[PDB]
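The chain that follows stands alone, in the form deposited in one PDB entry, written as structure tokens.
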């Protein structure tokens, strides 16, 4: 029940306390709930079937740009806010 705003502020205090992993692990969880990981998995197969040389680098050349675009905008904004909010505690108020 409107738990969004609460969850944000809570995370922020936890990360300050030394719980630094909470950012990366929380990103991971949003990506799984939304299904991002499974999509990248399939997009990878698609690329491999197209060119069919098993090479990792060239296949990463096309999978990576697309992968960064497919992350749901809510996941990117909420996670990017957590990073930004945290960074402000490391660097001067500006």
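Numbering follows the first chain given and starts at 1. So that the term is clear: the rigid core is the largest set of C-alpha atoms that superpose within 1.5 Å between two forms.
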Checklist entry - Do the CA atoms of 45-53 or those of 58-66 have the higher mean B-factor in the entry? => result 45-53
Next on the checklist: Please place residue 9 in the lowest, middle or highest third of its chain according to the CA B-factor in the PDB entry.
Outcome noted: highest
Checklist outcome for this item: Temperature factor at the Cα of residue 77, chain-ranked in thirds, falls in the middle
Checklist outcome for this item: Of the three thirds of the chain ranked by Cα temperature factor, residue 1 occupies the highest
Next on the checklist: Sorting by Cα B-factor within the chain, modelled residues only, which third would residue 23 end up in: lowest, middle or highest?
Outcome noted: middle
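From this point on, the text means the form deposited in another entry, which you will not see here.
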Next on the checklist: If the two forms are fitted on the core, does residue 75 show a Cα displacement reaching 2 angstroms between the shown form and the other one?
Outcome noted: no
Next on the checklist: Once you overlay the rigid core, does the Cα of residue 9 travel 2 Å or further between the shown form and the other one?
Outcome noted: yes
Next on the checklist: Taking 2 Å as the cut-off, check whether the CA of residue 19 shifts that much or more between the shown form and the other one after a rigid core fit.
Outcome noted: yes
Checklist outcome for this item: Taking the shown form as reference, the Cα pair residue 10 and residue 35 shifts by 3 Å or more in the other entry and sits farther
